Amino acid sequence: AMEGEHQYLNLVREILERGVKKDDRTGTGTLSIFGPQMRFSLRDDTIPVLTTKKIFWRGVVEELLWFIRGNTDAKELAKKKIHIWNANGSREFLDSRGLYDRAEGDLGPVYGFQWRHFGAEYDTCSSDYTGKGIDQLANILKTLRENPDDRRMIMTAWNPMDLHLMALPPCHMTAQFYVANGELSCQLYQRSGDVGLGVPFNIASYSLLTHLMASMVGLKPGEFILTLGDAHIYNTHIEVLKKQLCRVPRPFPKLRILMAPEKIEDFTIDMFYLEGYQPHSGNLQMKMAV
């Protein structure tokens, strides 16, 4: 009752029991702890997609491919009926950030823009950024092939100069990669984690990324480590999360990668699938705080 999905359930219990009350930015209110870490094995093809609640896997995949492409237009996700970024791209939300000149859906130089184009000057979400900025992700993949013992395989979205241009500052903010005994591991530093809503999705996302990167460079996936800053439960999620805690985890699913492309941004959903995913049938709704 300590490994795998129990890492997440034990974190929920810890926050409910010893989390402190916080009047947060959204006005919803939270219970919070600082600095918890969870670790998930990616061996034997395992990927930690929660079974005690059905995770929006199609959204995980498409958001991740959108990040990997460096894209920042929420409308591209919305065309696929993935609406997870629409609220932070709305006219109202953008105006509240002082971003009056931004088109609706244009989140600014967020997440994957920093991963692929760190330091590039942002124009709009539809601009061509090919060859602009520092491609941290491509550089990591090269280092993994050529010098896997390197201790500097860092991918960050925390760019102080660009925060004011982003709809929200990055939650999952800096990742490091590591190789030992033919296995690729990833540690994510996440400054802020909505434990009921974003965190399960973010775990699935970076675990997927680690599997995809490993297949590009001839390694096997090792471990995904999530280290949180402010790990919080929104007051509106407490009752539903108590319900989730009564559920017994089932074995995690496996990822089957059918092929790997030449460049990571060419991965498409047809190149891999989730095998053996058996989430509990009762859907749990966690209203997004805004």
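Counting begins at 1, following the sequence as shown.
Asks: Between 113-121 and 215-223, which has the larger average Cα B-factor in the PDB entry?
Replies: Mean C-alpha B-factor is greater for 215-223.
Asks: Check the entry's C-alpha temperature factors for 239-247 and 61-69, then say which stretch has the higher mean.
Replies: Higher of the two, by average CA B-factor, is 239-247.
Asks: Check the PDB entry and point out which of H232, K254, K263, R39 has the largest C-alpha temperature factor.
Replies: Of the options given, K263 has the highest CA B-factor in the PDB entry.
Asks: Say you rank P169, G105, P160, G182 by Cα B-factor from the PDB entry; which sits at the top?
Replies: If I rank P169, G105, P160, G182 by C-alpha B-factor, first place goes to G182.
Asks: Taking the entry's C-alpha B-factors for this chain, is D149 in the lowest, middle or highest third?
Replies: It falls in the middle third of the chain.
Asks: Should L50 be placed in the lowest, middle or highest third of its chain by the C-alpha B factor in the entry?
Replies: Middle third - that is where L50 ends up once the chain's C-alpha B-factors are sorted.
Asks: Within this chain's modelled residues, let me know which third the CA B factor of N139 belongs to: lowest, middle or highest.
Replies: Answer is middle: the recorded C-alpha B-factor places it there.
Asks: Of the three thirds of its chain by CA temperature factor, lowest, middle or highest, which one includes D128?
Replies: For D128, the deposited C-alpha B-factor lands in the highest third.
Asks: Rank-wise, by C-alpha B-factor, drop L258 into the lowest, middle or highest third of its chain.
Replies: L258: CA B-factor falls in the highest third of its chain.
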